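What follows is the residue order along each chain.
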Amino acid sequence: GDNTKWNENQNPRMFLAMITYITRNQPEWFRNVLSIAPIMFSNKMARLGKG
Amino acid sequence: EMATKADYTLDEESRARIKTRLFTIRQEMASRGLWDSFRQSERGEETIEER
Amino acid sequence: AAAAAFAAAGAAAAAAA
RNA sequence: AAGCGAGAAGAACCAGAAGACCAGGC
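Definitions and limits used
Within every chain, residues carry numbers counted from 1 in written sequence order, not necessarily those of the entry, while residues missing coordinates are excluded from display. Whichever chain is written first becomes A and whichever ligand is written first becomes 1, with later ones labelled in order. Because the shown chains make up only part of a larger assembly, each value pertains to the shown part and nothing beyond it. Only hydrogens and water are set aside; all other atoms, that is, all heavy atoms of the structure, feed into the side-chain values. Relative accessible area decides the class of each residue, using a 1.4 Å probe on protein chains only: under 20% of the type maximum gives buried, over 50% gives exposed, and in between gives partly exposed. Residue proximity to a molecule or strand is established when one non-hydrogen atom of the residue lies within 4 Å of it. Whenever two N or O atoms come within 3.5 Å, that pair is a polar contact, provided that in protein one can donate a hydrogen and the other can accept it, and provided that, for residues adjacent in sequence, both atoms are side-chain atoms. As a working rule, the residues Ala, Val, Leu, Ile, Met, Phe, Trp, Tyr, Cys and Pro are called nonpolar, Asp, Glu, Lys and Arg charged, and the rest polar, with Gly in that last group.

Chain B goes by Polymerase acidic protein in the PDB entry, where it is assigned to Influenza A virus.

Caption draft 1: Region of the structure containing unusual backbone geometry. All names here are of chain C. Notably, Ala 11 is not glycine yet its phi reads approximately 80 degrees, a positive angle. On the accessibility criterion, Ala 11 (68% relative accessible area) is exposed. Look at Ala 12: it is not a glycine, yet its phi comes out positive at around 70 degrees. According to the relative accessible area criterion, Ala 12 is exposed, its value standing at 79%.

Caption draft 2: Region of interest: the protein's contact with RNA strand D. Neighbouring RNA strand D are the residues B:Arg39, B:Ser41, B:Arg43, C:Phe6, C:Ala8 and C:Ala9. Considering the 4 Å shell around the protein, atoms of RNA strand D inside it are sugar or phosphate in 24% of instances. Contact between RNA strand D and B:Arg39: a sugar or linking oxygen at 2.5 Å from a side-chain N or O atom of the residue. One nitrogen or oxygen atom from the side chain of B:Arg43 is found 2.6 Å from a base oxygen belonging to RNA strand D. Partitioning the surface near RNA strand D into residue classes produces 3 nonpolar, 1 polar and 2 charged.

Right, here's the structure in full:
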């Protein structure tokens, strides 16, 4: 089976949680570098396109 | 001055000019009073953590 | 004389410092 | 047997008392 609406449902906050858990006990700067992307994606915007 | 096999490959006047320039900078720096400061050089203060 | 027929692995060692 | 991106080193770098006296262990 495939997963219906997989991309539409993979929330970026959960990705932030996974990164923060994975980067446990790591240097704070490393945690920052890994966690920035989920933060930005959680606040992402989608261009509509040509029109 | 002193070189390998006592060969300086330079005219006496050129080496004299170099040594005089060195002596002059030495006397100017001593006039500034940091001659003893130049006599100190630490191994390395390398503690730049990645932030 | 002394020779290795077939040497696998990377070899060496970081212990020597 | 393993095998899925790159490196190398500019400049130059220790201190004496001695003497007297007293106490003390052996």
